[PDB]
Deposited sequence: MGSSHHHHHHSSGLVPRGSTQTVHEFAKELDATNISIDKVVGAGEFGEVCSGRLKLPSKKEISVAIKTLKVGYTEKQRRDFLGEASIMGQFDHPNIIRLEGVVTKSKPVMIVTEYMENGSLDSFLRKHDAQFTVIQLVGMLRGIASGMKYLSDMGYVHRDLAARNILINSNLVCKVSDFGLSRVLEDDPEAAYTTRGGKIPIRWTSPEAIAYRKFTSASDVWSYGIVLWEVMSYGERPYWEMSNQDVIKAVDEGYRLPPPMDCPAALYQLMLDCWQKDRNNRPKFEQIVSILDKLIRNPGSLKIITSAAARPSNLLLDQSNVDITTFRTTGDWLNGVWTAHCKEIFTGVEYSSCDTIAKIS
């Protein structure tokens, strides 16, 4: 763990309050005093009292993964506490919480360009994870955190049929291209302001429908460019899906605001 995670001194951590009502795990917000004496807001996940050795190993392995990724759109590991208990993982604080729950509070209240900025941040984080050989496997709006300035950052709270590509469902073929499929689902979630993908369809029907070529329909008022981007991410042939670098490039062009062309499952 210490290869990729700094050991924090518990005397530098103050705990404020419980956050997220369990959605992130056993997580609090608080402050961390850095070696330079600067104090920053942080999220703190604690390992349960009475943990088993496997639970500790799994907890510290998580920190080890996170510590590998230093990027503006991937959740930043500040460090771990292992030499005292409770054992902790400390990250930057993301004031606006998970993106799906945030958007549900704000239905139709953001501009298209604001939503595209969110989407671009997520794609940039994924471009770095993929460049680093990391396949996320659970890329979903609930695993994206959003801060006070609406910057979105790839996270993972653990457990996902609705977000999984057909090949990863069929025979566990997980690649960065199956993450691109997942990104198309997140793109739909964002444009739908946190609607659940495939709503409450039976999992077996989500699997069969997608395999038969059916896809989620355009969100209300969804620009054609963005719906086409979803369809491109949802290509049956993983080789035909765009790479994350190309997704970032697409969004960067839309950010220049060229987009006013507007578009149960659709046979696509």
Practice task
Take the full deposited sequence, match it to the modelled residues, and report the stretches without C-alphas.
Solution key: 1 to 22, 182 to 200, 300 to 301, 307 to 313, 319 to 361
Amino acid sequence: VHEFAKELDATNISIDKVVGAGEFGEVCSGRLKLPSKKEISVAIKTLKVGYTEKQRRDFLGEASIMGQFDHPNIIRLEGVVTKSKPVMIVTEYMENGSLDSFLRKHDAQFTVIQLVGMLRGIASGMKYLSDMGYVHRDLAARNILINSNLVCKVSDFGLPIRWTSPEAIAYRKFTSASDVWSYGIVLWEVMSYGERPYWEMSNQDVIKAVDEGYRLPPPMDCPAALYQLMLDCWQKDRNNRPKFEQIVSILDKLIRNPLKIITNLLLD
From here on, numbers count along this sequence of modelled residues.
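For clarity, a rigid core is taken as the largest C-alpha set superposing within 1.5 Å between two forms.
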Completion exercise
Stretch farther from shown form by Cα RMS in 8 other deposited structures of this protein, picked from 189 to 197 and 149 to 157 after core fit, is 149 to 157
Handout entry: Farther-lying stretch by C-alpha RMS in 8 other deposited structures of this protein, rigid core as reference, of 7 to 15 and 21 to 29
Key = 21 to 29
Practice task
Can you let me know which of the two, 164 to 172 or 137 to 145, has the higher average C-alpha B-factor in the entry?
Solution key: 164 to 172
Practice task
Pick between 193 to 201 and 91 to 99: the one whose mean CA B-factor in the entry is higher.
Solution key: 193 to 201
Exercise for the section: Compare the CA B factors listed in the entry for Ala225, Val27, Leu231, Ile40 and report the winner. Expected result: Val27
Completion exercise
Among the modelled residues of its chain, the C-alpha B-factor of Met118 falls in the third labelled lowest
Exercise for the section: Determine, from the deposited record, the chain-internal third of the Cα B-factor for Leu216: lowest, middle or highest. Expected result: middle
Problem - CA B-factor ranking of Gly184, expressed as a third of its chain - result: lowest
Problem - Chain-relative CA temperature factor third for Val49 - result: highest
Completion exercise
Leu159: C-alpha B-factor third of its chain, per the entry, is the highest
